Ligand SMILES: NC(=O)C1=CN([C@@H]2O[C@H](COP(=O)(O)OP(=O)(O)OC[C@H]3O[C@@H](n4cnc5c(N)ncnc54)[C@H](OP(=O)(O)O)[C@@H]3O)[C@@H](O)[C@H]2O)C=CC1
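Coming up is one lone chain in C-alpha coordinates, specifically the form solved without this ligand.
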(Lines give C-alpha, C1' and ligand atoms only; values in the text may rest on other atoms or scores of the structure.)
Protein backbone atom coordinates (compact mmCIF):
# COMPACT_ATOMS: atom_id res chain seq x y z
CA UNK A 1 0.00 0.00 0.00
CA UNK A 2 1.71 3.18 -1.25
CA UNK A 3 0.97 6.05 1.06
CA UNK A 4 0.61 9.75 0.21
CA UNK A 5 -0.40 12.86 2.11
CA UNK A 6 -3.28 13.51 -0.25
CA UNK A 7 -5.01 11.17 -2.66
CA UNK A 8 -7.40 12.79 -5.14
CA UNK A 9 -9.89 10.64 -7.08
CA UNK A 10 -10.75 12.40 -10.29
CA UNK A 11 -8.54 14.60 -12.42
CA UNK A 12 -11.15 17.19 -13.33
CA UNK A 13 -11.79 20.78 -12.25
CA UNK A 14 -11.99 20.27 -8.49
CA UNK A 15 -9.49 17.43 -8.26
CA UNK A 16 -6.66 19.12 -10.16
CA UNK A 17 -7.17 22.44 -8.36
CA UNK A 18 -7.11 20.79 -4.94
CA UNK A 19 -4.09 18.55 -5.71
CA UNK A 20 -2.07 21.46 -7.07
CA UNK A 21 -2.74 23.79 -4.16
CA UNK A 22 -2.03 20.97 -1.70
CA UNK A 23 1.33 20.29 -3.41
CA UNK A 24 2.24 23.99 -3.14
CA UNK A 25 1.72 23.63 0.58
CA UNK A 26 4.15 20.71 0.79
CA UNK A 27 1.86 17.71 0.45
CA UNK A 28 3.04 14.70 -1.50
CA UNK A 29 -0.10 14.23 -3.64
CA UNK A 30 -1.27 11.80 -6.33
CA UNK A 31 -4.28 12.19 -8.69
CA UNK A 32 -6.22 9.18 -9.99
CA UNK A 33 -7.84 9.62 -13.42
CA UNK A 34 -9.33 6.94 -15.59
CA UNK A 35 -9.93 9.12 -18.62
CA UNK A 36 -8.61 12.50 -19.71
CA UNK A 37 -7.21 15.16 -17.42
CA UNK A 38 -9.26 18.34 -17.37
CA UNK A 39 -12.39 16.29 -16.83
CA UNK A 40 -15.83 17.32 -18.02
CA UNK A 41 -15.10 21.05 -18.48
CA UNK A 42 -12.07 20.75 -20.78
CA UNK A 43 -13.18 17.67 -22.69
CA UNK A 44 -16.97 17.86 -23.11
CA UNK A 45 -18.01 20.98 -21.23
CA UNK A 46 -17.02 24.60 -20.82
CA UNK A 47 -14.18 24.75 -23.35
CA UNK A 48 -15.55 22.98 -26.43
CA UNK A 49 -18.94 24.64 -25.69
CA UNK A 50 -17.42 28.19 -25.64
CA UNK A 51 -15.59 27.65 -28.93
CA UNK A 52 -18.92 26.52 -30.45
CA UNK A 53 -20.68 29.54 -28.89
CA UNK A 54 -18.04 31.86 -30.44
CA UNK A 55 -18.83 30.19 -33.75
CA UNK A 56 -22.61 30.72 -33.34
CA UNK A 57 -22.00 34.39 -32.45
CA UNK A 58 -20.24 34.99 -35.79
CA UNK A 59 -23.27 33.44 -37.50
CA UNK A 60 -25.69 35.87 -35.78
CA UNK A 61 -23.72 39.02 -36.36
CA UNK A 62 -23.41 38.07 -39.99
CA UNK A 63 -27.11 38.88 -40.30
CA UNK A 64 -26.13 42.48 -39.60
CA UNK A 65 -23.36 43.03 -42.17
CA UNK A 66 -25.46 44.68 -44.82
CA UNK A 67 -27.01 47.06 -42.28
CA UNK A 68 -23.50 48.17 -41.38
CA UNK A 69 -22.49 48.73 -44.99
CA UNK A 70 -20.80 45.45 -45.67
CA UNK A 71 -21.46 43.05 -48.51
CA UNK A 72 -23.38 39.87 -47.81
CA UNK A 73 -21.39 36.66 -47.43
CA UNK A 74 -22.96 34.02 -49.74
CA UNK A 75 -23.74 30.89 -47.70
CA UNK A 76 -22.60 27.48 -46.38
CA UNK A 77 -21.02 27.05 -42.94
CA UNK A 78 -18.58 24.18 -42.65
CA UNK A 79 -18.93 22.33 -39.36
CA UNK A 80 -15.87 20.12 -39.71
CA UNK A 81 -13.40 22.95 -40.11
CA UNK A 82 -14.23 24.29 -36.66
CA UNK A 83 -14.86 20.91 -35.16
CA UNK A 84 -11.28 19.91 -35.93
CA UNK A 85 -9.65 23.08 -34.68
CA UNK A 86 -11.77 22.72 -31.55
CA UNK A 87 -10.58 19.13 -30.94
CA UNK A 88 -6.98 20.25 -31.48
CA UNK A 89 -7.42 22.98 -28.85
CA UNK A 90 -8.74 20.49 -26.34
CA UNK A 91 -5.68 18.26 -27.08
CA UNK A 92 -3.43 21.26 -26.37
CA UNK A 93 -5.15 21.82 -23.04
CA UNK A 94 -4.87 18.17 -22.01
CA UNK A 95 -1.08 18.39 -22.59
CA UNK A 96 -0.86 21.61 -20.59
CA UNK A 97 -2.70 20.11 -17.60
CA UNK A 98 -0.50 17.05 -17.62
CA UNK A 99 2.57 19.30 -17.66
CA UNK A 100 1.15 21.32 -14.75
CA UNK A 101 0.83 18.23 -12.59
CA UNK A 102 4.33 16.98 -13.45
CA UNK A 103 5.91 20.37 -12.69
CA UNK A 104 4.27 20.31 -9.26
CA UNK A 105 5.50 16.78 -8.62
CA UNK A 106 2.00 15.41 -8.37
CA UNK A 107 1.88 11.75 -9.30
CA UNK A 108 -0.78 10.75 -11.86
CA UNK A 109 -2.17 7.23 -11.32
CA UNK A 110 -4.10 6.20 -14.43
CA UNK A 111 -7.16 3.99 -14.07
CA UNK A 112 -10.47 3.61 -12.25
CA UNK A 113 -10.38 3.92 -8.47
CA UNK A 114 -12.70 2.05 -6.09
CA UNK A 115 -12.55 1.90 -2.29
CA UNK A 116 -11.66 -1.37 -0.62
CA UNK A 117 -12.97 -3.15 2.44
CA UNK A 118 -9.76 -2.26 4.29
CA UNK A 119 -10.35 -0.64 7.70
CA UNK A 120 -8.43 2.58 7.08
CA UNK A 121 -9.75 4.17 3.84
CA UNK A 122 -7.84 2.59 0.99
CA UNK A 123 -8.45 2.55 -2.76
CA UNK A 124 -7.37 0.09 -5.42
CA UNK A 125 -6.48 1.05 -8.98
CA UNK A 126 -5.59 -1.73 -11.41
CA UNK A 127 -4.79 -4.20 -8.63
CA UNK A 128 -2.63 -1.78 -6.65
CA UNK A 129 -3.62 -0.21 -3.36
CA UNK A 130 -3.07 3.41 -2.34
CA UNK A 131 -3.89 5.21 0.86
CA UNK A 132 -3.60 8.65 2.43
CA UNK A 133 -4.83 10.31 5.65
CA UNK A 134 -6.82 12.66 3.38
CA UNK A 135 -8.70 11.33 0.38
CA UNK A 136 -10.72 13.62 -1.90
CA UNK A 137 -13.50 12.25 -4.12
CA UNK A 138 -13.93 14.54 -7.12
CA UNK A 139 -15.39 12.10 -9.62
CA UNK A 140 -17.96 14.54 -11.01
CA UNK A 141 -20.98 13.38 -12.93
CA UNK A 142 -22.39 12.38 -16.30
CA UNK A 143 -25.40 12.99 -18.55
CA UNK A 144 -28.66 11.42 -17.56
CA UNK A 145 -30.72 9.44 -20.16
CA UNK A 146 -34.28 8.04 -19.99
CA UNK A 147 -34.74 4.34 -19.42
CA UNK A 148 -35.90 2.33 -22.42
CA UNK A 149 -38.60 0.96 -20.11
CA UNK A 150 -40.10 4.43 -19.59
CA UNK A 151 -39.39 5.76 -23.09
CA UNK A 152 -38.99 3.10 -25.78
CA UNK A 153 -36.17 4.11 -28.11
CA UNK A 154 -34.57 6.62 -25.73
CA UNK A 155 -31.16 5.12 -26.53
CA UNK A 156 -31.46 6.52 -30.09
CA UNK A 157 -30.91 10.04 -28.75
CA UNK A 158 -27.53 11.48 -27.73
CA UNK A 159 -26.42 13.57 -24.73
CA UNK A 160 -24.15 16.62 -24.56
CA UNK A 161 -21.18 14.19 -24.71
CA UNK A 162 -22.46 13.02 -28.08
CA UNK A 163 -22.90 16.64 -29.16
CA UNK A 164 -19.12 17.02 -29.06
CA UNK A 165 -18.63 14.01 -31.26
CA UNK A 166 -20.86 15.25 -34.07
CA UNK A 167 -18.84 15.57 -37.27
CA UNK A 168 -21.60 17.20 -39.35
CA UNK A 169 -24.30 19.77 -38.51
CA UNK A 170 -27.64 17.87 -38.05
CA UNK A 171 -30.35 19.08 -40.41
CA UNK A 172 -33.20 18.69 -37.94
CA UNK A 173 -32.68 18.58 -34.22
CA UNK A 174 -34.84 18.17 -31.15
CA UNK A 175 -33.37 19.08 -27.80
CA UNK A 176 -35.24 17.82 -24.77
CA UNK A 177 -34.78 19.71 -21.54
CA UNK A 178 -35.17 23.16 -20.10
CA UNK A 179 -31.94 23.84 -18.12
CA UNK A 180 -28.94 25.88 -19.28
CA UNK A 181 -27.27 23.03 -21.18
CA UNK A 182 -30.44 22.53 -23.24
CA UNK A 183 -30.75 26.24 -23.93
CA UNK A 184 -27.08 26.50 -24.98
CA UNK A 185 -27.17 23.53 -27.31
CA UNK A 186 -30.42 24.73 -28.92
CA UNK A 187 -28.97 28.20 -29.44
CA UNK A 188 -25.73 26.96 -31.08
CA UNK A 189 -27.47 24.41 -33.34
CA UNK A 190 -30.06 26.95 -34.43
CA UNK A 191 -27.51 29.77 -35.10
CA UNK A 192 -25.43 27.41 -37.17
CA UNK A 193 -28.39 26.39 -39.35
CA UNK A 194 -30.10 23.33 -37.85
CA UNK A 195 -33.91 23.37 -37.90
CA UNK A 196 -34.25 23.25 -34.12
CA UNK A 197 -37.02 22.44 -31.64
CA UNK A 198 -36.56 22.66 -27.85
CA UNK A 199 -39.00 20.39 -25.95
CA UNK A 200 -39.86 21.51 -22.41
CA UNK A 201 -42.30 20.17 -19.81
CA UNK A 202 -43.65 23.57 -18.93
CA UNK A 203 -44.03 26.92 -20.62
CA UNK A 204 -40.60 28.49 -19.95
CA UNK A 205 -36.93 27.54 -19.88
CA UNK A 206 -34.58 28.08 -16.93
CA UNK A 207 -37.41 27.98 -14.43
CA UNK A 208 -35.02 28.23 -11.44
CA UNK A 209 -33.74 31.65 -12.64
CA UNK A 210 -35.42 34.91 -11.85
CA UNK A 211 -38.73 35.05 -13.71
CA UNK A 212 -37.64 38.06 -15.75
CA UNK A 213 -34.89 35.85 -17.15
CA UNK A 214 -36.92 32.68 -17.81
CA UNK A 215 -39.52 34.79 -19.57
CA UNK A 216 -37.08 36.85 -21.62
CA UNK A 217 -34.93 33.86 -22.47
CA UNK A 218 -37.90 31.86 -23.80
CA UNK A 219 -38.93 34.78 -25.99
CA UNK A 220 -35.39 35.36 -27.35
CA UNK A 221 -35.20 31.71 -28.30
CA UNK A 222 -38.44 31.98 -30.28
CA UNK A 223 -37.41 35.28 -31.84
CA UNK A 224 -34.18 33.64 -33.00
CA UNK A 225 -36.02 30.77 -34.72
CA UNK A 226 -35.96 28.04 -32.10
CA UNK A 227 -39.25 26.23 -31.92
CA UNK A 228 -40.12 25.93 -28.24
CA UNK A 229 -42.56 23.02 -27.71
CA UNK A 230 -44.26 23.74 -24.36
CA UNK A 231 -45.88 21.26 -21.95
CA UNK A 232 -44.51 18.45 -24.07
CA UNK A 233 -42.60 15.26 -23.47
CA UNK A 234 -41.37 12.33 -25.47
CA UNK A 235 -43.60 9.27 -25.36
CA UNK A 236 -41.38 7.21 -27.64
CA UNK A 237 -38.70 7.38 -30.33
CA UNK A 238 -38.27 5.12 -33.34
CA UNK A 239 -35.75 4.80 -36.17
CA UNK A 240 -37.43 5.34 -39.54
CA UNK A 241 -36.05 4.97 -43.06
CA UNK A 242 -34.68 8.48 -42.81
CA UNK A 243 -34.05 9.68 -39.30
CA UNK A 244 -35.91 9.32 -36.07
CA UNK A 245 -39.62 9.78 -35.47
CA UNK A 246 -40.42 11.29 -32.11
CA UNK A 247 -43.83 10.78 -30.58
CA UNK A 248 -44.68 13.40 -28.05
CA UNK A 249 -47.65 14.27 -25.88
CA UNK A 250 -48.47 17.92 -25.36
CA UNK A 251 -50.69 18.53 -22.34
CA UNK A 252 -51.37 22.25 -22.02
CA UNK A 253 -53.32 22.83 -18.81
CA UNK A 254 -56.99 23.40 -19.62
CA UNK A 255 -56.89 21.52 -22.92
CA UNK A 256 -57.05 17.89 -23.86
CA UNK A 257 -53.70 16.19 -24.40
CA UNK A 258 -52.63 15.74 -27.99
CA UNK A 259 -50.18 13.23 -29.43
CA UNK A 260 -47.84 14.37 -32.20
CA UNK A 261 -45.18 12.72 -34.34
CA UNK A 262 -42.05 14.67 -35.18
CA UNK A 263 -40.59 13.01 -38.28
CA UNK A 264 -37.24 13.12 -40.06
CA UNK A 265 -35.28 14.07 -36.99
CA UNK A 266 -31.54 13.76 -37.48
CA UNK A 267 -30.57 14.44 -33.91
CA UNK A 268 -32.44 13.86 -30.64
CA UNK A 269 -30.45 15.35 -27.75
CA UNK A 270 -31.38 14.57 -24.13
CA UNK A 271 -30.45 17.47 -21.87
CA UNK A 272 -32.59 16.43 -18.92
CA UNK A 273 -30.09 16.22 -16.07
CA UNK A 274 -26.73 15.04 -14.73
CA UNK A 275 -26.13 12.03 -12.52
CA UNK A 276 -23.21 11.73 -10.06
CA UNK A 277 -20.36 9.33 -10.77
CA UNK A 278 -20.43 7.23 -7.59
CA UNK A 279 -21.91 3.86 -8.52
CA UNK A 280 -18.53 2.24 -9.17
CA UNK A 281 -16.58 3.63 -6.21
CA UNK A 282 -17.78 0.97 -3.77
CA UNK A 283 -18.73 3.71 -1.32
CA UNK A 284 -20.89 1.18 0.49
CA UNK A 285 -17.72 -0.56 1.65
CA UNK A 286 -16.94 2.39 3.94
CA UNK A 287 -20.52 3.43 4.65
CA UNK A 288 -20.14 6.80 2.91
CA UNK A 289 -23.50 8.60 2.86
CA UNK A 290 -25.16 9.44 -0.43
CA UNK A 291 -28.68 10.73 -1.18
CA UNK A 292 -31.05 8.71 -3.32
CA UNK A 293 -29.62 10.13 -6.58
CA UNK A 294 -26.13 8.91 -5.62
CA UNK A 295 -24.67 12.29 -4.59
CA UNK A 296 -22.13 12.22 -1.82
CA UNK A 297 -23.33 14.08 1.26
CA UNK A 298 -20.86 16.59 2.75
CA UNK A 299 -20.93 19.30 5.38
CA UNK A 300 -19.89 22.95 4.84
CA UNK A 301 -16.23 21.96 4.95
CA UNK A 302 -16.67 19.27 2.29
CA UNK A 303 -16.29 16.51 4.88
CA UNK A 304 -18.23 13.25 4.22
CA UNK A 305 -19.60 11.24 7.18
CA UNK A 306 -16.28 9.35 7.25
CA UNK A 307 -13.12 11.02 8.68
CA UNK A 308 -10.32 11.62 6.20
CA UNK A 309 -12.72 11.46 3.22
CA UNK A 310 -13.97 14.60 1.46
CA UNK A 311 -15.93 15.36 -1.70
CA UNK A 312 -16.11 18.47 -3.89
CA UNK A 313 -17.61 19.35 -7.23
CA UNK A 314 -20.43 17.90 -9.26
CA UNK A 315 -20.45 14.65 -7.30
CA UNK A 316 -22.01 16.54 -4.37
CA UNK A 317 -24.76 17.76 -6.62
CA UNK A 318 -24.78 21.42 -5.63
CA UNK A 319 -23.76 24.42 -7.75
CA UNK A 320 -22.55 22.34 -10.71
CA UNK A 321 -19.98 24.80 -12.06
CA UNK A 322 -16.23 24.52 -12.72
CA UNK A 323 -15.15 27.56 -10.67
CA UNK A 324 -17.15 26.20 -7.67
CA UNK A 325 -15.34 22.84 -7.76
CA UNK A 326 -12.04 24.75 -8.09
CA UNK A 327 -12.74 27.19 -5.22
CA UNK A 328 -13.99 24.42 -2.92
CA UNK A 329 -10.97 22.27 -3.85
CA UNK A 330 -8.52 25.05 -3.00
CA UNK A 331 -10.24 26.10 0.20
CA UNK A 332 -10.05 22.46 1.30
CA UNK A 333 -6.30 22.25 0.54
CA UNK A 334 -5.71 25.31 2.73
CA UNK A 335 -7.77 23.80 5.53
CA UNK A 336 -5.93 20.47 5.53
CA UNK A 337 -2.39 21.54 4.70
CA UNK A 338 -2.23 25.09 5.97
CA UNK A 339 -4.37 24.33 9.01
CA UNK A 340 -6.80 27.19 8.32
CA UNK A 341 -9.78 25.54 10.00
CA UNK A 342 -12.19 28.26 8.86
CA UNK A 343 -11.24 27.70 5.21
CA UNK A 344 -14.39 26.78 3.30
CA UNK A 345 -16.36 28.03 0.32
CA UNK A 346 -19.38 30.31 0.78
CA UNK A 347 -22.00 28.92 -1.60
CA UNK A 348 -23.92 32.22 -1.62
CA UNK A 349 -23.51 34.79 -4.32
CA UNK A 350 -21.96 32.40 -6.84
CA UNK A 351 -22.23 34.06 -10.28
CA UNK A 352 -23.37 32.26 -13.43
CA UNK A 353 -23.39 33.00 -17.14
CA UNK A 354 -25.54 31.07 -19.58
CA UNK A 355 -24.13 31.30 -23.11
CA UNK A 356 -27.41 31.84 -24.85
CA UNK A 357 -27.98 34.49 -27.51
CA UNK A 358 -27.73 37.10 -26.02
CA UNK A 359 -25.89 35.70 -22.96
CA UNK A 360 -27.34 35.67 -19.45
CA UNK A 361 -25.51 36.75 -16.32
CA UNK A 362 -26.88 36.18 -12.82
CA UNK A 363 -25.66 36.41 -9.21
CA UNK A 364 -27.52 36.26 -5.91
CA UNK A 365 -31.18 35.89 -5.12
CA UNK A 366 -34.09 35.91 -7.58
CA UNK A 367 -36.93 38.24 -6.64
CA UNK A 368 -38.97 35.38 -5.19
CA UNK A 369 -36.15 34.00 -3.11
CA UNK A 370 -35.55 37.49 -1.68
CA UNK A 371 -39.27 37.92 -1.01
CA UNK A 372 -39.32 34.64 0.93
CA UNK A 373 -36.15 35.51 2.86
CA UNK A 374 -36.81 39.15 3.71
CA UNK A 375 -40.56 39.54 3.26
CA UNK A 376 -42.46 41.42 0.52
CA UNK A 377 -42.38 44.67 2.47
CA UNK A 378 -38.56 44.57 2.61
CA UNK A 379 -37.75 43.83 -1.04
CA UNK A 380 -37.48 46.49 -3.74
CA UNK A 381 -36.47 45.69 -7.32
CA UNK A 382 -35.25 47.98 -10.08
CA UNK A 383 -35.31 46.90 -13.67
CA UNK A 384 -34.87 48.20 -17.17
CA UNK A 385 -35.39 46.86 -20.63
CA UNK A 386 -33.82 48.49 -23.67
CA UNK A 387 -32.48 47.79 -27.13
CA UNK A 388 -28.68 48.08 -27.12
CA UNK A 389 -27.15 50.95 -29.16
CA UNK A 390 -25.59 48.29 -31.41
CA UNK A 391 -29.07 47.67 -32.89
CA UNK A 392 -29.85 51.32 -33.47
CA UNK A 393 -28.98 50.72 -37.08
CA UNK A 394 -30.05 47.08 -37.63
CA UNK A 395 -33.26 45.37 -38.74
CA UNK A 396 -32.54 42.49 -36.37
CA UNK A 397 -33.03 43.29 -32.69
CA UNK A 398 -32.29 41.71 -29.37
CA UNK A 399 -33.20 43.20 -26.05
CA UNK A 400 -31.19 43.81 -22.93
CA UNK A 401 -33.05 43.26 -19.64
CA UNK A 402 -31.57 44.02 -16.22
CA UNK A 403 -33.02 43.58 -12.74
CA UNK A 404 -31.52 44.53 -9.42
CA UNK A 405 -33.02 42.99 -6.30
CA UNK A 406 -32.53 45.08 -3.13
CA UNK A 407 -33.31 44.18 0.48
CA UNK A 408 -34.04 46.24 3.58
CA UNK A 409 -33.86 49.97 4.25
CA UNK A 410 -30.27 50.32 3.08
CA UNK A 411 -31.17 48.51 -0.16
CA UNK A 412 -28.45 45.92 0.00
CA UNK A 413 -28.01 44.52 -3.52
CA UNK A 414 -28.95 40.86 -3.01
CA UNK A 415 -29.44 39.92 -6.66
CA UNK A 416 -28.51 40.99 -10.21
CA UNK A 417 -30.08 39.31 -13.26
CA UNK A 418 -29.60 40.33 -16.85
CA UNK A 419 -29.63 39.15 -20.41
CA UNK A 420 -28.11 41.03 -23.33
CA UNK A 421 -25.08 41.64 -25.54
CA UNK A 422 -21.95 41.86 -23.43
CA UNK A 423 -23.53 40.39 -20.30
CA UNK A 424 -21.07 37.49 -20.28
CA UNK A 425 -18.02 39.76 -19.56
CA UNK A 426 -20.03 42.32 -17.58
CA UNK A 427 -20.95 40.19 -14.58
CA UNK A 428 -17.63 39.43 -12.85
CA UNK A 429 -17.11 42.89 -11.40
CA UNK A 430 -20.66 43.36 -10.14
CA UNK A 431 -20.32 39.89 -8.58
CA UNK A 432 -17.32 41.26 -6.63
CA UNK A 433 -19.44 44.23 -5.49
CA UNK A 434 -22.35 42.00 -4.44
CA UNK A 435 -20.00 39.69 -2.52
CA UNK A 436 -18.69 42.78 -0.63
CA UNK A 437 -22.20 43.79 0.43
CA UNK A 438 -22.80 46.73 -1.89
CA UNK A 439 -26.00 48.72 -1.49
CA UNK A 440 -27.84 50.59 -4.26
CA UNK A 441 -26.08 53.82 -3.18
CA UNK A 442 -22.66 52.25 -3.85
CA UNK A 443 -23.75 51.45 -7.40
CA UNK A 444 -25.36 54.86 -7.80
CA UNK A 445 -22.19 56.68 -6.67
CA UNK A 446 -19.96 54.98 -9.20
CA UNK A 447 -19.49 57.14 -12.30
CA UNK A 448 -20.83 55.49 -15.46
CA UNK A 449 -18.82 54.45 -18.49
CA UNK A 450 -20.53 55.84 -21.59
CA UNK A 451 -21.60 54.51 -24.10
CA UNK A 452 -21.90 50.92 -22.83
CA UNK A 453 -24.76 48.63 -21.77
CA UNK A 454 -23.07 48.18 -18.35
CA UNK A 455 -23.68 51.80 -17.39
CA UNK A 456 -27.43 51.02 -17.12
CA UNK A 457 -26.78 49.10 -13.91
CA UNK A 458 -25.33 52.13 -12.12
CA UNK A 459 -28.10 54.48 -13.29
CA UNK A 460 -31.30 52.54 -12.39
CA UNK A 461 -34.06 54.59 -10.76
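Residue numbers count along the first chain shown, from 1.
One more form of this protein exists, namely the form deposited with this ligand bound; it is left out here, but the text below deals with it.
Shown here without its ligand, the chain is overlaid with this ligand as it sits in the deposited bound form; no ligand atom lies within 2.4 Å of a backbone or C-beta atom, and the site is open. Among heavy atoms of residue 247, none comes within 4.5 Å of this ligand in the deposited bound form. Interface membership of residue 177, defined by any non-hydrogen atom within 4.5 Å of this ligand in the deposited bound form, is confirmed. At a distance threshold of 4.5 angstroms between non-hydrogen atoms, residue 130 is out of contact with this ligand in the deposited bound form. Under a 4.5 angstroms non-hydrogen atom cutoff, this ligand in the deposited bound form lacks residue 337 among its neighbouring residues. This chain lacks the partner; the member of 85, 372, 235, 201 within 4.5 angstroms of this ligand in the deposited bound form by a non-hydrogen atom is 201. Though this ligand is absent from this view, in the deposited bound form it lies within 4.5 Å of a heavy atom of just one residue from 320, 228, 379, 283, which is 320.
Heavy atoms within 4.5 Å of this ligand in the deposited bound form belong, among the stretches 296 to 304, 255 to 263, 312 to 320, 216 to 224, to residues of 312 to 320.
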